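Data first, discussion second: the structure below is written as structure tokens.
Quick reminder, even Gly has a Cβ in these numbers, built from the backbone with ideal geometry, and neighbours come from all protein chains shown. Coordinate-derived values only; no laboratory data.
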2 protein chains.
Amino acid sequence: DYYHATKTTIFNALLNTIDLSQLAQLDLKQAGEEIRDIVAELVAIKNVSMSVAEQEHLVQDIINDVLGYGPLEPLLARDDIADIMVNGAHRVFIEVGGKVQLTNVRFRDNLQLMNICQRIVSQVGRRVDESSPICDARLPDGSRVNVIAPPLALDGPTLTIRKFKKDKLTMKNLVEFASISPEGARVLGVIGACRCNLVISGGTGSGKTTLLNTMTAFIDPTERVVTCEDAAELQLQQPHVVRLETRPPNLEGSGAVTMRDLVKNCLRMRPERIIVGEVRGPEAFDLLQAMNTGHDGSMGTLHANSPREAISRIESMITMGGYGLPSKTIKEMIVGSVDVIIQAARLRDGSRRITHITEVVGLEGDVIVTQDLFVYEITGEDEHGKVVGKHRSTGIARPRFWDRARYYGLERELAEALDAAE
Amino acid sequence: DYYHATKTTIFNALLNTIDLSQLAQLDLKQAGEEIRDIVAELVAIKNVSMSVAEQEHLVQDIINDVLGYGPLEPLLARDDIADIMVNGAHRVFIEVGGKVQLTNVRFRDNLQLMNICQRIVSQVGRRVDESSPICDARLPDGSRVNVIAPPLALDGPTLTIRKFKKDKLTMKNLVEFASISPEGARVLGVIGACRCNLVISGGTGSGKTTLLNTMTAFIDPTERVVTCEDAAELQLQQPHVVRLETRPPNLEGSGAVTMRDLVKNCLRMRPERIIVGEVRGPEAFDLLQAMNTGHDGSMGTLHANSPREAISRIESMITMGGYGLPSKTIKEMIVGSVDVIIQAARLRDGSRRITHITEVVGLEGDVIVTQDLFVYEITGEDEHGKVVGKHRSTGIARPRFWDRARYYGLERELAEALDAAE
């Protein structure tokens with residue numbers, strides 16, 4: 001009560017005293033010090049009786065409101081709070097330990113919330129308002145931010161901050177979730193590290209993108225990666241990642257930038273690895289060429305249930321490309337370009353597994369030949385219906401990519417991992 | 001710290017002192033002199049305690065930021081920097097000695113970087129912005145530039161400067177680098193000498209232009225060769241070469257002289273070989289007419305990955321040229337005009353070699369039938385990661401262009417080359 005009234009009076013006095021532009025001229029620390037001095041002077045003038053703790057709290061709150069993110073700052077500073085979700089000025093939720101909880105934190109009004117959202121997004125040069133109500137951003141520290149303006153959000157501006165939790169998308173999660181056995185995990189690490197061209201095929205709900213992030217986690221830091229996605233969800237930890245996002249056509253059907261355009265441009269940016277979020281149309285062709293003409297180590301997810309169907313769908317995509325390529329030419333391209341196909345699927349019980357790790361070996365007999373390094377053998381189901389299976393290595397001790405592993409010095413690791421698969 | 005703060009203060013004072021538009025209206029010399037004078041006056045007023053060298057550096061930086069290319073200027077001035085990549089306002093990498101290194105150079109912000117990129121791409125009459133987020137160009141100094149706008153490049157505008165390198169070869173160089181077997185070299189010499197219509201297709205990084213330059217050494221010196229280019233990259237050593245260069249449209253959208261107009265004029269320049277630096281527009285149609293109306297021996301570089309893909313690309317180009325030509329008519333024209341397609345591509349290991357030497361032998365029904373003379377067969381990889389392969393002749397003894405060889409007496413050499421690599 002008294003603290004709130006004192007804060008309101010001090011804020012009014014400071015606003016009447018210092019303009020927003022003048023404070024913006026000063027840096028975060030210089031502006032903060034100047035605001036602290038002005039607030040002390042205003043408190044002395046108003047003869048407000050406040051203790052050291054109360055005075056410090058009021059000064060910090062005034063500084064945060066005038067400069068910074070206001071009532072959000074205490075939440076952001078906390079480490080336990082993984083995600084913050086503000087639905088209008090009068091409600092805030094925090095995700096602690098995987099559970100969402102309501103918090104007493106409340107903004108002054110929707111106007112202050114909009115100002116704070118605009119500052120947060122502008123921290124990376126983006127702006128959100130009625131003209132562009134939807135804004136999405138990734139702050140340099142890894143926090144994702146999503147903001148919806150009042151014209152779309154009926155109850156007020158909506159803000160969603162998801163801080164960078166690091167453990168979610170590493171091989172440990174897959175190994176402990178029985179998605180891939182530890183030997184399979186080591187084989188995948190070798191495949192990713194040795195710049196093997198990959199095509200992650202997966203069925204509906206098979207978590208293809210999660211597997212793609214986990215695989216790209218192996219990329220060497222120095223490699224200049226370029227990611228094309230319809231909607232940015234990959235979170236490469238590397239220092240030299242370029243992120244691109246397609247653009248759908250406007251309501252007039254113009255101004256579009258399809259994934260094919262992004263891949264063709266990627267060819268002209270000197271990338272050492274092209275990652276395609278999801279191949280759906282002609283872009284496959286371009287992507288495949290990117291694999292063939294250097295850039296070895298690219299990747300791309302695809303919608304298919306088995307590796308053979310994945311190859312067939314790649315052929316159909318390239319054919320959709322419109323070029324008069326004979327089927328034999330397309331098969332030769334695929335055989336020469338793609339090196340490993342990872343088939344991940346969602347089984348009956350809803351669990352996710354890496355059903356196959358297979359290698360495109362050649363074009364014997366005008367039909368592409370694939371040898372499976374790892375397969376998932378379904379033995380049975382638990383008493384409660386849960387499916388039961390195990391990862392078996394086919395025993396191919398010399399995968400066609402063995403030469404790359406030897407070149408990169410990972411041949412010993414590959415042999416050790418694939419030998420003890422059992 | 002002190003230097004950065006002084007530079008920021010000087011920039012703010014200069015911005016508040018002179019309008020950007022007025023300086024832009026000023027000429028290079030006048031603008032530079034005014035900027036230097038204003039910077040010196042501001043430094044004197046603010047009493048910046050720095051050496052004369054420090055003042056000169058500050059003035060140069062202010063001039064570059066106001067009208068130059070910002071922090072890229074020291075990078076561009078350098079020589080060891082093979083190329084520069086900007087992944088955003090706060091990420092700049094340079095390829096020094098073939099190694100990518102993160103430079104301690106940062107732009108003021110994303111807006112400044114976007115303005116710098118817009119200036120650079122406007123230097124050759126092109127605009128990059130939300131409406132045209134992707135812009136690839138070639139600067140006068142020979143360097144290639146690629147720019148992606150924020151709407152696609154999520155992390156901010158992305159820039160890529162790849163500086164020019166000579167990279168010119170002679171057929172002996174290609175033979176010694178195994179780019180083409182000696183029999184292939186003889187066959188290519190025969191094809192070039194006998195004024196056989198050529199289309200040197202190749203993928204990105206294949207150096208197709210270098211291959212075209214190498215091919216234009218078997219031309220009879222007497223033949224009047226007219227080379228139409230976009231940046232003057234060909235260095236023909238023949239004595240009667242007329243070098244033409246297209247003029248990109250000015251920022252106002254006028255004064256454009258497209259390659260199509262250059263070729264159409266060349267039709268009336270009495271040439272014997274219309275050489276096109278790169279076919280990427282409707283000009284192909286006209287070029288084909290030149291190929292099929294007495295200017296035998298015309299060559300044209302094209303961007304395609306396989307001879308069939310090159311043919312399809314040419315057909316699509318002619319169709320997009322805006323004419324009412326039925327697809328069957330365009331295919332018939334292509335079959336009649338073109339006589340040899342040389343496919344130069346970069347292999348996965350980064351090396352570049354000639355893959356196909358294919359004649360457009362005829363048209364059946366709707367599909368164009370073509371026969372390969374020389375084909376590159378790959379045989380895996382070696383210990384050092386280099387691709388292992390060899391060229392083999394298809395065994396044809398009477399190639400379609402045989403008559404042309406008979407014209408110049410090159411029948412014997414053609415037969416010997418086709419026999420020695422059976």
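Annotations
- Cut-off 15 Å between beta-carbons: net charge of the residues surrounding A:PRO249, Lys and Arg +1, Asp and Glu -1: -3
- Filter on A:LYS331/B:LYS386; A:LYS331/B:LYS172; A:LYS165/A:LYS386; A:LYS163/A:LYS264; A:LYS264/B:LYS264 - keep pairs with C-alpha separation over 25 Å: A:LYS331/B:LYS172; A:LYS165/A:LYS386; A:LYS163/A:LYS264; A:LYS264/B:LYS264
- Between copies, the label points of B:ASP141, set 7 Å from Cα on the Cα→Cβ line, lie 3.9 nm apart, reported in increasing order to one decimal in nanometres.
- Spin-label model, B:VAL257 to A:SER21: label points 7 Å out along the Cα-to-beta-carbon direction sit 4.9 nm apart.
- Of the GluC sites (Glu not before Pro) in the range B:235-275, the ones in a loop by DSSP (not H, G, I, E or B) with at most 10 other beta carbons within 10 Å are B:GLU252.
- Crossing angle, helix A:110-122 versus chain A [Cα axis fit, 0-90 degrees, rounded to tens]: 50
- Helix content alone sets the calculated 222 nm mean residue ellipticity of chain A: runs of n ≥ 4 DSSP H residues at -39500 (n - 2.57) each, divided across all residues, give -11500 deg cm²/dmol.
- Dipole of the range A:294-394 computed with +1 at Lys/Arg Cβ and -1 at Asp/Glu Cβ about the Cα centre; of A:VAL338, A:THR370, A:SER351, farthest Cα towards the positive end is A:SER351.
- Contact order, relative form, for chain A: 11 percent (alpha carbon pairs under 8 Å, 6 or more residues apart, mean separation divided by residue count).
- When only the Cβ of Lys, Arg, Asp and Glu is charged (+1, +1, -1, -1), the dipole of the protein assembly as shown relative to its Cα centre reaches about 1260 debye.
- Between copies, B:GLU245 shows label-point distances of 4.0 nm, shortest first, with the point placed 7 angstrom from Cα along Cα to C-beta.
- Rounded to 10°, Cα long-axis angle of helix A:182-193 versus longest principal axis of chain A: 80
- Nearest-ten-degree value, helix A:283-292 long axis tilted from longest Cα axis of chain A: 70
- Cα gyration tensor shape for the range A:191-256, rounded if a/c is under 1.5, else prolate or oblate: oblate
- The protein assembly as shown - Kirkwood radius from inverse mean 1/r over Cα pairs (Å): 31.0
- Intensity falloff of the range B:71-129 expressed as log10 I(q)/I(0), Debye formula with alpha-carbon point scatterers, at q = 0.12, 0.16 Å⁻¹: -0.30, -0.53
- Inverting the pair-averaged 1/r between distinct Cα atoms of the range A:324-363 gives 12.0 Å as its Kirkwood hydrodynamic radius.
- The range B:270-422: equivalent-ellipsoid semi-axes (sqrt of 5 x gyration tensor eigenvalues, Cα, Å): 28, 21, 15
- For B:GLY409, inter-copy label distances in nm, listed shortest first [label point 7 Å out on the Cα-Cβ vector]: 6.2
- For the pair the range A:29-49 / the range B:304-362, the C-alpha centres are spaced 75 Å from each other.
- Distant-in-sequence amide H partners of B:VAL361 (H built 1.01 Å from N, under 5 Å): B:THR370, B:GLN371
- Solvent-free Debye scattering, log10 I(q)/I(0), computed from the Cα coordinates of chain A at q = 0.06, 0.09, 0.10 Å⁻¹: -0.36, -0.71, -0.81
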